[PDB]
Each structure stands twice: as structure tokens, then as C-alpha cells.
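The chain that follows stands alone, in the form solved without the named molecule, written as C-alpha cells.
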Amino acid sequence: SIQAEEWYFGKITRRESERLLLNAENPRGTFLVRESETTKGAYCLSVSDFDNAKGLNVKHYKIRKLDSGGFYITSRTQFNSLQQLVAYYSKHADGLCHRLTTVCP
């Protein structure tokens, strides 16, 4: 289950995810998965980033789940579970601001 996952924060708002991710101790790629605020059945992958320009900041990526079974951010790259999606993005930055690194405290 998705609920079993420590990086799954469930029903928390976008603002709350930012409050948690904007901690100065967080390195790039600190992340969490939560429900989308407004898209029924969809999730959001919230990720911390850092650059000298913007400093510490947060990006949010919508994760879709098909009834047909797949989880994905881009339809071209789907996974059989949210867990597999997270494992993939921990190795590939692809189009994300950074590869996933550590679960948000």
C-alpha cells in the first residue's frame, strides 16, 4: 500500500508541503508524495531544489493513476506502482528539478 510508505504524507496541502520542504537543512531532492488538492484520484510529488539564483525552493509534479493500472508524471514513462515511480526518479532526474534524494523530515 501507498499508505504504508514513509514518503507518503497523504492529505496535506501544497502550502504545508512547502513549509516542510523549505527547511534550510534540506538538500536538493528532498521530497514527499501527497494527494493533489483538487484532482480527485491524483497525487503530487513535492520536491525541494536549490540554486544561487532562487535559493531553496519547491516544485510540485502531478502524478496520474490510470484505472488501467499505471502511475506516471509523463504518460511516456509509466510504473506499475507509486513505489516503482519513486525508485525510478531517485535514479533519474529526467524532467524533474532534481533526482529524489531523501524523504522530507
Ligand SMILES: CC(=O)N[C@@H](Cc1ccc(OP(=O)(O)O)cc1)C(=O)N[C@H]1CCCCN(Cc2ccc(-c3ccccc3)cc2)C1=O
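By rigid core we mean the largest C-alpha set that fits within 1.5 Å across both forms. Residues carry their position along the shown sequence, with the first being 1.
Between 42-50 and 22-30, the larger mean CA deviation from the shown form in 7 other deposited structures of this protein, after core superposition, belongs to 22-30.
As listed in the deposited structure, the average C-alpha B-factor of 74-82 and of 46-54 is greater for 46-54. When the mean C-alpha temperature factors of 5-13 and 87-95 are read from the deposited coordinates, 5-13 comes out higher.
When the C-alpha B-factors of 34, 59, 40, 28 are ranked from the entry, the top spot goes to 40.
In what follows, reference is made to the form deposited with the named molecule bound, a form of this protein that is not presented.
Shown here without its partner, the chain carries 5, 65 and 103, none of which come within 4.5 Å of the named molecule in the deposited bound form through any heavy atom. In the deposited bound form, the named molecule sits within 4.5 Å of a heavy atom belonging to residue 96. Of the heavy atoms in residue 61, some are within 4.5 Å of the named molecule in the deposited bound form. Among residues of the shown chain, residue 38 is one whose heavy atoms approach the named molecule to within 4.5 Å in the deposited bound form. Although the partner is absent here, residue 74 is a contact residue: one of its heavy atoms lies within 4.5 angstroms of the named molecule in the deposited bound form. With contact defined as any non-hydrogen atom lying within 4.5 angstroms of the named molecule in the deposited bound form, 14 is the only contacting residue in 1-32.
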